[PDB]
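Enquirer: Quick one, what's the 3D model for this:
(chains A, B, C and D, ligands or ions: 12)
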Amino acid sequence: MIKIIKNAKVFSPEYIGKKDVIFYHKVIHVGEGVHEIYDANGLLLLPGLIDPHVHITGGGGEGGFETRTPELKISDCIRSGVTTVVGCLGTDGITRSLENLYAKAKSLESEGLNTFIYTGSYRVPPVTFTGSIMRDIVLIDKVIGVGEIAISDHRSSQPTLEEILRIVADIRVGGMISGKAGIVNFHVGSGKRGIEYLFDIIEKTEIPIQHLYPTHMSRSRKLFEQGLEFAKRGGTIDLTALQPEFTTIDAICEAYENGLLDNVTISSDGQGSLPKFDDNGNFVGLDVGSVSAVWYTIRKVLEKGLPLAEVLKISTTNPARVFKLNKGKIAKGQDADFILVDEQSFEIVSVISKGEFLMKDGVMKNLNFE
Amino acid sequence: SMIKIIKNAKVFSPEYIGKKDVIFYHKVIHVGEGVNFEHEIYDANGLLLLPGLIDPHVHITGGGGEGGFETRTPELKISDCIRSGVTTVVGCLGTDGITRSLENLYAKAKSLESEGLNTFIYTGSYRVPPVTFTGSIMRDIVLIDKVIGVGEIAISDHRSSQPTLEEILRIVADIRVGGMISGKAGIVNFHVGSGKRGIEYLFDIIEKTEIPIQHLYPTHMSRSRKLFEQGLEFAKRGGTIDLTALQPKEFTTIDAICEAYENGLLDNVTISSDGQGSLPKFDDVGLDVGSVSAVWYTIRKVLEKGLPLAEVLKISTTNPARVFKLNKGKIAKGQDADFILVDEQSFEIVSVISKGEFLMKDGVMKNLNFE
Amino acid sequence: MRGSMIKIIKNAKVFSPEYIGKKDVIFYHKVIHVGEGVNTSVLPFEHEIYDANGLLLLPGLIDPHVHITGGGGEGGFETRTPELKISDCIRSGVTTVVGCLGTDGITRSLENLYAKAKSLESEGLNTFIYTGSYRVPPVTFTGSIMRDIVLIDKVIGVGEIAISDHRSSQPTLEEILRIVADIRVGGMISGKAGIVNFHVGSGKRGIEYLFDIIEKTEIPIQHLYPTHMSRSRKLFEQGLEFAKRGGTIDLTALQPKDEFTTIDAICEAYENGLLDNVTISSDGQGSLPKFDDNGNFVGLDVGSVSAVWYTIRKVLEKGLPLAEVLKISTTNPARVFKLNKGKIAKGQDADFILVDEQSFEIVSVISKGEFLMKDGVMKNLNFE
Amino acid sequence: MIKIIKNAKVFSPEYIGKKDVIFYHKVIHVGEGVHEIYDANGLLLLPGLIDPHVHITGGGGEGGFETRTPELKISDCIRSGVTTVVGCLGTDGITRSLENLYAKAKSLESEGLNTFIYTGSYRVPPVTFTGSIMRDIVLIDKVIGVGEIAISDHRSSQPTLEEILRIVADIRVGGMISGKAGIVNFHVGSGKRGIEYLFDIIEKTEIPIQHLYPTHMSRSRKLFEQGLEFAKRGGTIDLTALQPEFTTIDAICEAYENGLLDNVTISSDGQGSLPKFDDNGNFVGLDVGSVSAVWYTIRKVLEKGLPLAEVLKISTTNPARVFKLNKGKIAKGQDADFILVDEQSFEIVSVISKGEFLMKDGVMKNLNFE
Ligand SMILES: CC(C)C[C@H](NC(=O)C[C@H](N)C(=O)O)C(=O)O
Ligand SMILES: CC(C)C[C@H](NC(=O)C[C@H](N)C(=O)O)C(=O)O
Ligand SMILES: CC(C)C[C@H](NC(=O)C[C@H](N)C(=O)O)C(=O)O
Ligand SMILES: CC(C)C[C@H](NC(=O)C[C@H](N)C(=O)O)C(=O)O
Ligand SMILES: [Zn+2]
Ligand SMILES: [Zn+2]
Ligand SMILES: [Zn+2]
Ligand SMILES: [Zn+2]
Ligand SMILES: [Zn+2]
Ligand SMILES: [Zn+2]
Ligand SMILES: [Zn+2]
Ligand SMILES: [Zn+2]
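Expert: Residues are numbered from 1 along each chain as shown, chains lettered A, B, ... in the order given. Ligands and ions are numbered 1, 2, ... in the order given. Sure, structure below:
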């Protein structure tokens, strides 16, 4: 149970230099000099990467039943070093069950991962477990908010201000009674209206800006600019990761320049559709998001000479704040979830979550259906 | 024993009426100058005789829970009610609609009534649409004898459901007509938070609809001078406002009351304990728990600014009895036999009488089912 | 303005059900004192005296089975009976009634029954109601016969459930046990009696269900209250066996216009010393129909609340002592519902009737200490 | 976080003699020779007492609204050394909410205790969170079964075999999908029918006897005899503790004699009514169960010269089995929940749960509303 990781260059979001880290399920003790032992010389110790937006049950289906994407194998997470995922439903609210989403999140947790879910889906009014999104967040311990509610998209339900305000108010007080944060995840399409509705709430109500969490905020110039204003008023935005004009990389730099990286987060959009529509509202082709798009994006920003100290924020501190999680920092009391990158190779070699090795030195623990 | 006489008391029929003997059963039979079947007597030499205090806003089941499940405050004991002189309470639900039962609040009102107290309740809670007993707020007031209105409906608070005007117009309409059918008052209690919109909605109702003002009963309105100034505007149009009673723990409710009395508006002011109700500092932190002690304490503190007792007692006896159309708050023939007895010198509650029975006799409390 | 709150009745021969001779009674809304002659012109404050020389003081009559909203309608929409007038009750010395629904549970609402009980309450009468009707499953205020008895003060049980009747829903034994279980535990929570009133037709099965429940379950017999048990003598003899196991049976009072009657039944229950186990009910504003042998409607009479005092007067004409006959309409109905009525004594609710000593007519009526009728004159009423 | 309890006479259900016990939130290491340290010489170390049947929200009300009992203060648990409680609803299913019961159990946990709940109440059909007792046990992580279903009582709903069989089958499969045990708690009244229905199930169906958990099985001679047969067929019974003819003490001995103590458990019936009814079904007087009735019962059996080794079974091993709990034994990996009794004084002095001291050496931690 009690474990050590000696003579690793410990990279708590800000650099804390060559130190040993003792840990059960949480960081128990830190101290330079000397149950399981693990030597990690040559490796960098980070806190486990956080993914706040992943279609863990699969998604897509904009082009029919054929375009229904596959469910997520934990196999892919561990190679990518993603130790905690927040599962949401997407465009399809009928064939993808909320109970199914509870279960996949419950199974991912039982095979070593850390899981939380939303209770909504694209459409307003939102699908529920118990008839009421407030009731869901008080009674289902894993529910941390609602989404992903579509706004300014062609696949939107066309929601009104008053409808939405109901939801936010219900989910917020839902939070307070239950002692959770109570987030609203906001799928933002390519409509000109953008995130107007989000400004309305904070301007015209008693609603704090912490509860509003818009995603895909990197997909255009225009929209990222709105994402920065929203940031500058004390709110946090989320950017969809880059994965094989203007990219998610340029944006994550453009936030450092204007001094706003403390308000950014990245999403894999794993197992989610990446659809291409023509001149009308017809469907042309698709791609499928990969949960290894996080670590891939991190390295392509370091490639531009940003400090690894202030890039790990987007995936470790910045997300853990948004959801009020006891994770995302290597320090006494915090939950014990780390990844280990080799020197200047820049490749994950080991992965720890809740103090159990899921990947040790490039050999994966074996899982039930692989 | 069940026909009683209080002798040699200086009586405050709210208004002062000098030294008088009161004869009562469950209601007052006679008030006259010294005179004399088995009947009990109580010599009240040295004592003042006042009406029973009325508390229009108490979370008798418990409330709060806004800081998580750890914030769940405990339920009201009647013990407090007897030592603090409160013979009548009106129970309501708060921010938690899901885990605090309406049906639980009906049962809590029934146990307290049954150990010598007087109880009424509101249906619903903070959230719009409001939780009901029977699917309909108009049905509830008609069918369940203790429901006297709806609340506390949250306007201009961060924990508000963000209600529209249209929603609130149906709600007050429904409970008003429901009030008429049942022969009760049909009050909407409004929880007013610290939002800039204040009570704009209440003004919107009287300015653009047929709905009388007597149904709109805003509470918490000594939280800022700005709100109170908008409260007084309301008072001048026939409305009644509730002030949260100062507790044993700028601009205060004591300030607030004297400002009202000096404008000749103390007839339009009441005070609530908000007992067992959460009192949290919410910043952009901490919590404390209201006591029913808060009203008699607040009465003294305003007496200490030199206001005449008979005129002050109106905020807790005459003015609540009016708003809920109750047969209480006045010592007279036909009125309900609810009295407190305070030492004239000490000014500390020594005996409390509810429905003509002694709940406390010279400091010695009646003993109850779980003490 | 209000009427003098302390009253005294002097020089009456008091039938506190049990005879207690010439006594004065001081009262407000409850009975304050029973005692020998005492100086009643010594009080310094208001007090209305009433001289009752030559009259008999008795408790207020309780009528446990009344269609206060109207009922009937077995012969089409033309056979719906009118609703009860409080002047009927005042003339008949009936100070308390318990109202129920019957055959029609489609066009007679429970909310309408709740209102009429409250309007009766407010003119000087004491009122209670049942939830449900004839049919199984039973109609409800709130969706459940348990919520109704817990949330609605005036609700004291469910009925009248139709068993051994052509108009019955043909209820199952499992259906009925669920219903009696629900209303009892409901009574326990709300501190009421939790009664199931049974409307018993003329089926061969009689009350087999009532005997099935007591013999095969822990449900005590206090909660099973069957009515119309003088219908046929076969049914009345099934009633007596029910009595000897601690039960209470209700008989429909003899009607002032028309062989084995409820008089025969009452006298047989005295003979066998089981008079503590019977009640009588007017079935006022109820259908009293005739069906031919094919099951079709022929015609009907309408029950009357005058039936109670009328029935008691017949029984007296057969030499039974007054002090023991009054049980059926005072002590016995007060038991079944756990009411603070039916006896003249310190503490008890001040519901009286006064009868002339030879005439044996009701001349004055007092409920809540208030005179509804004083010396044959009624008080002014709301819609009369 | 890491704690030791040195030179205590460690009384793992069976005696393991003077040993040190290291423990975070679970028993981490056991070893004789030598972060917080606690010396416990003179004291006996036991595993934390288990209460499988407590009306944590209050109950009673058979005699009106006046007879409604008060809610349970954690203050009383800690003095009594009761570290884990299973909350149920009783006779009243209307005024006592299931949401209220979730919350009180949630609050007791947040102030140091360990809590689980049922989803039913006396009446059949049973009240639910989500419309369906199966759905409740899959979706509400704290739900471990259904009860307390009344059988052979005057306050019974009069349930049929077929109705009940539905429930048991639904709760069982509910268990399997969710990876919980899925118990049916059975309030048994003083009816002659007794637990007949329980024999029917195992005789006439494919239903395993582990799911059937009858309570109050000590209240009569006749019924305890039925409790022993049920035991002898591989099932477990529950006895209502003794607290100030034939008692719960005689019975717990009578199980040792016939060699059946491995199939017994004790309940406080805390905050529950103990009602007295006369000749008919009317109510006379009441008493209110106390959660300190457990430890009080334990000592009055030791008074009869039974080994403390084989008496702690009823409150530690026997209950933890029934509910499939990682508790009730002092040994590596088990959750860290202990009580400390002084020499031959026989009085709790300290109480530990999840490795946090709730009572240290007779001074209680201070709690929010005391
Ligand atoms: C990458 C961009 C262009 C596509 C993206 N749409 C979705 O991701 C669809 C949704 N996740 C699903 O599962 O169906 C967008 O926000 O614009
Ligand atoms: C004047 C202040 C103290 C009013 C207000 N209090 C609450 O909202 C308490 C809530 N109604 C409950 O009891 O559940 C506040 O502090 O914001
Ligand atoms: C005694 C006989 C003739 C009348 C009785 N019918 C009813 O009581 C009708 C029902 N209660 C109603 O009015 O809706 C019966 O047939 O047994
Ligand atoms: C001790 C025995 C005699 C009484 C016991 N009844 C209950 O405990 C009632 C239930 N817990 C409640 O909360 O209402 C029994 O099983 O026989
Ligand atoms: Zn999206
Ligand atoms: Zn998406
Ligand atoms: Zn408030
Ligand atoms: Zn309040
Ligand atoms: Zn009938
Ligand atoms: Zn009838
Ligand atoms: Zn029980
Ligand atoms: Zn119990």
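
Enquirer: With the flanking residues excluded, which residue is spatially nearest to the residue of chain A found nearest ligand 8?
Expert: Across chain A, the shortest distance to ligand 8 (Cβ to the ion) belongs to residue A:173, at 14.9 Å. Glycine gets a C-beta too; all of them are placed from N, C-alpha and C. Nearest residue to residue A:173, sequence neighbours excluded (Cβ to Cβ, 6 or more residues apart in numbering or on different chains): residue B:159, at 5.3 Å.

Enquirer: How far off centre is the helix or strand where residue A:138 lies?
Expert: Applying DSSP states H and E as the criterion places residue A:138 in helix A:133-139. For helix A:133-139, the separation from the chain centroid amounts to 21 Å (computed by Cα atoms, centre = their mean, to the nearest Å).

Enquirer: Kindly report the same for stretch A:15-34.
Expert: Here stretch A:15-34 is found 26 Å from its chain centre; the criterion is Cα atoms, centre = their mean.

Enquirer: Ok, stretch A:100-120 next?
Expert: 13 Å.

Enquirer: mind listing what's buried in that stretch?
Expert: A:101-109, A:112-120 (16 or more other Cβ atoms under 10 Å in any protein chain shown).

Enquirer: And stretch A:48-68, by the same measure?
Expert: For stretch A:48-68, the neighbour count (16+ other Cβ under 10 Å) marks A:48-63, A:67-68 as buried.

Enquirer: from the residues you listed, which ones fall inside strands?
Expert: Among the buried residues of stretch A:48-68, the members falling in strands (DSSP state E) are A:49, A:50, A:51, A:52, A:53, A:54.

Enquirer: from those, which is closest to chain D?
Expert: residue A:54 (21.2 Å; Cβ to the nearest Cβ).

Enquirer: Was I right to think the closest one contacts residue A:266?
Expert: No. With contacts defined as Cβ atoms under 8 Å, residue A:54 does not count as touching residue A:266, sitting 11.8 Å away.

Enquirer: Need the residue closest to the centroid of chain A.
Expert: residue A:52 (1.6 Å; Cα atoms, centre = their mean).

Enquirer: got the contact list for that residue?
Expert: The contact partners of residue A:52, by Cβ atoms under 8 Å, 6 or more residues apart in numbering or on different chains, come to A:86, A:213, A:238, A:265, A:267, A:319, A:322, A:323.

Enquirer: Neighbour count and secondary structure added to those residues, as CSV?
Expert: Shown next, in CSV, are the contacts of residue A:52 (neighbours: other Cβ atoms under 10 Å in any protein chain shown; DSSP: H, G, I helix; E, B strand; the rest coil):
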residue, neighbour count, secondary structure
A:86, 27, strand
A:213, 26, strand
A:238, 24, coil
A:265, 23, coil
A:267, 30, strand
A:319, 26, helix
A:322, 22, helix
A:323, 20, coil
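
Enquirer: Please identify which two of the residues you listed are farthest apart in space.
Expert: Greatest spatial distance among the contacts of residue A:52 (Cβ to Cβ): A:267 and A:323, at 13.1 Å.

Enquirer: ok, residue A:252 to ligand 12 distance?
Expert: 60 Å (Cβ to the ion, to the nearest Å).

Enquirer: residues near that residue, how many?
Expert: Here the count is done by other Cβ atoms under 10 Å in any protein chain shown, and residue A:252 has 24 residues near it.

Enquirer: same check, this time on residue A:196
Expert: Residues within reach of residue A:196, counting by other Cβ under 10 Å, total 13.

Enquirer: so how far is ligand 10 from the residue nearest to residue A:173?
Expert: From residue B:159 to ligand 10 the distance is 52 Å (Cβ to the ion).

Enquirer: Identify the residues contacting the residue in chain A that ligand 12 sits nearest to.
Expert: Ligand 12 sits closest to residue A:139 of chain A, with a gap of 24.1 Å, by Cβ to the ion. For residue A:139, the contacting residues are A:129, A:130, D:99, D:102, D:129, D:130, D:139, D:140, by Cβ under 8 Å, 6+ apart.

Enquirer: can you tell me the helix or strand for the fourth one?
Expert: When secondary structure is defined by DSSP H and E, residue D:102 falls within helix D:98-110.

Enquirer: re earlier: in what element of secondary structure is the residue of chain A closest to ligand 8 found?
Expert: helix A:161-178.

Enquirer: close to ligand 2, is that helix?
Expert: No. With Cβ under 6 Å from any ligand atom as the criterion, ligand 2 is not reached by helix A:161-178; the gap is at least 10.7 Å.

Enquirer: Following the chain onward from that helix, which element is next?
Expert: strand A:183-188.

Enquirer: any idea of the angle that following strand forms with strand A:49-54?
Expert: 70 degrees (axes from the mean of the first three to the mean of the last three Cα atoms, to 10 degrees).

Enquirer: by contact count, what packs against strand A:183-188?
Expert: In terms of contacts (3 or more Cβ pairs under 8 Å, 6 or more residues apart in numbering or on different chains; DSSP states H and E), strand A:183-188 is packed against strand A:145-151, helix A:161-178, strand A:212-215.
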